[PDB]
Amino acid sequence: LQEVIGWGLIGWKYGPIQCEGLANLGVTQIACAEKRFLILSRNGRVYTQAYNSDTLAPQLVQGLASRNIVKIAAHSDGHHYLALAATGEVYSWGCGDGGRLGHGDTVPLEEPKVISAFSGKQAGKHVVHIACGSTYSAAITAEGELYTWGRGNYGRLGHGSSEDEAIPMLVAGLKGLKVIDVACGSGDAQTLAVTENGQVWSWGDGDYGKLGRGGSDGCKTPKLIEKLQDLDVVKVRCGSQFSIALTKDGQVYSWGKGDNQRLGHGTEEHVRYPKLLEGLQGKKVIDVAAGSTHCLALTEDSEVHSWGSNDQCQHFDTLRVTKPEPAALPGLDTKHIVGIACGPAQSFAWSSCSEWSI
């Protein structure tokens, strides 16, 4: 068996715990929502489990059996889900408020439904990435177009207004650039994106300087993060009121709200421009997972570092209520971890499910 480790506020357990129930599935991805998480299996099925259930027993998400799912998404402060099929179809379910499901109404859905706006597309118009905010959604096509939809407050969708959209809408401001990553926030939310030239963009609410251009002014269309504009950034992430960027050469920058040590720089001052996370210099980071107020980082050599809030034991290596600076979690160096994920009070890490790796 693959190893799947979890810790934090988990209701099935009487530090880190081995989740054999999840290992049986062959985990490739985990998307953490607010009360539950989705698990994608090697065979392209999707399962769901609540954090606070008495029993660990992931249940099959019905309505996807037809298709081979290759990506899932959800947001750690959210109540809706996206799933992406190998053939390109996008499914959505959960809460419908503000049009976040993308079906042109605000009806909530117990079961996955195809977003017909993305069906019947031709080649480079196929969706290849999906993302959720707390109240909105995004997707990227193979050509590099970015579509957003859902709640529009503070310009989080990037279309020059605060209008909600129940149907996916092209982000015109990036038309002409190839978008390769996007991340969505919560509360008064920011949105971040990365284009193939390695430049980085932000828009939405400006509180705590999470947009990365000083002060706290928001904006309603995508704008360049000038401090990152010479680095080859390849991924972005959003936690609650803060932002993360990761370079091709494994450096990490965090900025935004400072409370509860969520930025990892060692104090709780808000940081209004992207700042290099010194605690990880020397390590080559290959992924970062941002929960609400805590983060994990996976390195090339398979170490798993964490920092931030510890109000709910998100960090099993510290007794104090925060973990100010990044530091390797013990026990995990020897397990060949390849994936990490964070919920609002939860963290997961897994090794590979190839029966060959085992």
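Throughout, we count residues from 1 along the sequence that is shown.
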- line: In the entry, residues of the deposited sequence missing between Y14 and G15 amount to 4 to 9
message: Per the record, averaged over C-alpha atoms, which has the higher B-factor: 225-233 or 184-192?
response: 225-233
- prompt: On average, which has the higher Cα B-factor in the deposited entry, 95-103 or 114-122?
  reply: 114-122
query: From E163, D259, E143, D205, can you pick the one with the highest C-alpha B factor in the entry?
result: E143
query: Looking at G279, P274, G239, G218, which has the biggest Cα B factor in the entry?
result: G279
statement: In terms of its chain's C-alpha B-factors, the third that includes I340 is the lowest
- line: Temperature factor at the Cα of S137, chain-ranked in thirds, falls in the lowest
query: Of the three thirds of its chain by CA temperature factor, lowest, middle or highest, which one includes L177?
result: highest
field: Position of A74 among the chain's modelled residues by C-alpha B-factor, lowest, middle or highest third
entry: lowest
- request: Could you look up the Cα B-factor of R151 in the entry and say which third of the chain it sits in: lowest, middle or highest?
  value: middle
